[PDB]
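Both blocks below hold the same protein chain, though in two forms, and each is given as C-alpha cells: structure 1 and structure 2.
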Structure 1
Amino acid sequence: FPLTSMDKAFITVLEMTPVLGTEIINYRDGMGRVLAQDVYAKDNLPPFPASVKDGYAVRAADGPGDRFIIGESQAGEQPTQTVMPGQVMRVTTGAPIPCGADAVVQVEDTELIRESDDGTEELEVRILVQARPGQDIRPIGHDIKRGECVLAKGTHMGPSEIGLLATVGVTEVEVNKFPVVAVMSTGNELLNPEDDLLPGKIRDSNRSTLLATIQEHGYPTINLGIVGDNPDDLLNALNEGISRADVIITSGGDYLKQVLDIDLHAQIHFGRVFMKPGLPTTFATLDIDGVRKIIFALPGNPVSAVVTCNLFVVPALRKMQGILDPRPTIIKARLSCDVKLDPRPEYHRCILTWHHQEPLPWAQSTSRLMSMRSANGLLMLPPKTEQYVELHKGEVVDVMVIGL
C-alpha cells in the first residue's frame, strides 16, 4: 500500500464518513446530541408581566405619597384585584403584576405606615419616589416570545440547552443518532484480561483502552473480543460487527485486508500513513443495504492504537453523530523538553498544565503528581526539515486536546 500523507488521510476519513440518520429522544437524554430540527417556543417567557423586585405594584401616575395596600401578589398566583388610584399591591420578585398597576417600586424606596394589629398584614405605605411606567417589570415575552426559534438545528447540546428545552416544554426532540462502535483485537498471542498467562502469550489491553476511549465520548460500544489472526475467524467477526454496529475497530494483525477486499468487497481507502506512530493504519468503507459502514484497523502497538484512535476515529464519530465541525480542538503549548524531529509528523501523548499567571500551558510528555493524571493532549510535532531538526524546551507547539 502506498504511504498516505497525514493530511490526505485525515481529509479522507472525514469525507468518506457518513452522517447518521435521526431519531426522536426525550430531552433529558440530550447530552452531547445534535438537534436535527429547529425548536420553537409555544409560550411567552414570562407569560405574564412579572415583578423584577420585592416591593409594590403602583400606578406611576399617582406619583409619590401615602397608599393603601389592597392585597399581595405572590409567585405562582394570578391576582384578582385591580389597583385603583391611591392603592398599591405588595409584590415579590417574579409575581404577576395586577391590572391597574404600571410599575413596581422597590421596597427600599418606601416606608411602611400602618400594619394590622396582629402584625401579619401591611396596610398603608409611603411611596418615596416617582416611578416611570414599566419600571421594574419584566414584560410578557421579554425573555422568549411565542413562535421564536430558541434552538437551531445543528446545535450541539449541553446542560443549558437541555434546560432551555425544559423551559419551553419541548420534551421530545429529533436528533442525529449516535454511532454504535464495535471493537475487536486480533493476535494469536492474546489472552483476555481475566486470564492467567500461558507460554508465549500476553493480555489484550487495546480492546479495553479503545472501548474506554469511545465510551468516554458517550457512544455505545460492542465488545467483539479477541479474534484469531486468520481469514475465517476475521470474516466471522467482521460480519458480526457489520450486523451490530455502524463502526468497526480492530487492532493488531495480511489477512485483514484480504478479507475486507476479497470477501467483503469493502473499499480500502488507505493502508499506510506517513506518521509516527501509526504507520500501518487502515481505513475502509463498506456500502451495504443502502447504508455505509466504516472500518478502522489500527496498529497493534498500544501507544499507536491510542494515538490513531484519537486522530482518526474520534473525529469520524463526531461527524457521524451530527456535529457540524468535527475537527478536534488544537491549542498552543510550550514544550517541556528538547525533541529531535523525525521525518514523519510525530504525535505524543502529554499532560497540559497551566502554571500560576503564565498565559500558555506546558505540555508534559508522559514527578510524583504527573503519574496521578491521565494524558489530556496529543503533542503534534512537525516533520523534520532543512532548518528544523530539533525543537527546544519552551518553544511553542500545537497540541490536540483529547481529554482538562
Structure 2
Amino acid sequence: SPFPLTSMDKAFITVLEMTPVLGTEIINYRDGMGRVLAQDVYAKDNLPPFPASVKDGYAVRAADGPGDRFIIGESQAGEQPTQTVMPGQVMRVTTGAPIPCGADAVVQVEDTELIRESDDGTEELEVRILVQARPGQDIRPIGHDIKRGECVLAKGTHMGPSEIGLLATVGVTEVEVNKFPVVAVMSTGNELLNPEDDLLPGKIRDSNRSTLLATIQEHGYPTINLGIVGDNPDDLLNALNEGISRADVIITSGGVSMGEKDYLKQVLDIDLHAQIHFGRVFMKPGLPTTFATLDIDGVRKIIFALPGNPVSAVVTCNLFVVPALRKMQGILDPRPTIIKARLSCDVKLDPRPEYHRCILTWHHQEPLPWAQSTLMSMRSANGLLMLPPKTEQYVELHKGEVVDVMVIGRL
C-alpha cells in the first residue's frame, strides 16, 4: 500500500512540529557564531566604567567659558587621573580617557589653539578654549552605554559577530546555548560507487552524499559520513542503527519510491519501529520524500529518507531538512527567508507546487531581483524558486512576473 500523498503545507508543518529542540551546553563565547543563547546575559560592569572623553582635546569646567587656561596635566587612555581641575585650569584628554575630577565637559582640540608648550615641545602648558562648552559635552558618563545589572542579550538570540563582541565587552566568556545537531548521511543503491572510484559496468558515482553533507556543513552543523548502503534490508537496518547511535538526525537518499528494491519505508516501519509521519508529498520534485521519528529513552531521533534523484535530494534537503536543523539548534522561528523576485523565463505550472534552484541577481535601481533558473556559471545557486500549483485561473507564469524565492545561499 503506497503512503497517502501529503500536501506540501502539511508535510512542512509536520516536520517543524515533530522536530525536537536539542538540549543546552556551555560554550566559550568565541565559539558562539550561529548559536542561540539559552540564557539571558547580564553586564556585571558599567560601560564606560569611568566617565570617558568622546574626543581628543581638553577636559574643562564649562562654567569657566572660553579663554586662556593652564594645562595641569594629561589624562591618557588606561590611566586613572590623580589631579582635580580647578576653575581656570584644564587637562589634556584623548578619546576614551577618563575625565578628571573637577571637569564637567570636553572641548575637542579643533575648538582650541595652543599658546605655550615646553622648550622640548614635549608638554603643552596653556591653551585657548574658543567655545562655550555645554556641561556634559563630549563625555560618556559611567554606564552611558551599558549599566551594571542590565540584560544585554536575551535568551533566544541567534548570535553573529556583533553579539560575540558584546559578550567580550561585558566579560561573559562562557554562555549557555542549544547544542547543534549531529547529522549522519548515507546513500543507498547497488549501482553506486564512491567518488574516488573508476566506473564499472552498470554503475555510477554517488553524488548525493557529497551534495547533502556539503549543504549541511554550509549551515555550520557537524556531520557523519555513513557511506553507501546496498539495496537490502539487513544492511539498511544496520546502517540506520549506526546513525541513531552516532547522530541526532539521519538523512538517507534513494530507495523510497515503489520500485522492487526500494526498501527504506519497510525497514523504518517493520525493522526499526520508527513512526513514518509521511511517505509521499504532493510536490515537484520530491514525491517519495519520507519523514520519521524514533523515540528512544526520552530522546527523539529524526530521519529524513530523501528521494534518490540528485536534484530531488538537494531540493528536499533545502525545503525540509535545513528548517528542521534550525529548530533543533534553538532558532525560535526556523523557517527560511522567502523573498519576491521577477521570473527570468516563462514557466508552465504543474498541478504540484514546483521548486527549482536559481540565482538571484539585483540590477541597477530595480527594486526586485531577477530569478534565473539553473558568468552566471561562476555563481552558485542562492535561491529556490517556489512556483504555485496550476489553477483554472493560472496555467503559466511569464517573464517579469513576481514569484516567491526561498534563500538557500548567501545573496
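Residue indices: 1-based, along structure 1. C-alpha atoms forming the largest set that superposes within 1.5 Å between two forms make up the rigid core.
Rigid-core fit between structures 1 and 2: of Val291, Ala152, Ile202, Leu128, the one residue whose Cα shifts 2 angstroms or more is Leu128.
Taking the rigid core as fixed, one finds a CA shift for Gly32 smaller than 2 Å between structures 1 and 2. Core-aligned CA deviation for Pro343 between structures 1 and 2: less than 2 Å.
With the core held fixed between structures 1 and 2, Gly63 has its Cα displaced by at least 2 Å.
With both forms fitted on their core, the C-alpha atom of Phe48 sits 0.1 Å from where it sits in the other form; this compares the forms between structures 1 and 2. Overlaying the rigid core between structures 1 and 2 leaves the Cα of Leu112 displaced by 2.0 angstrom. Relative displacement of the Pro85 Cα between structures 1 and 2 on rigid core alignment is 2.2 Å.
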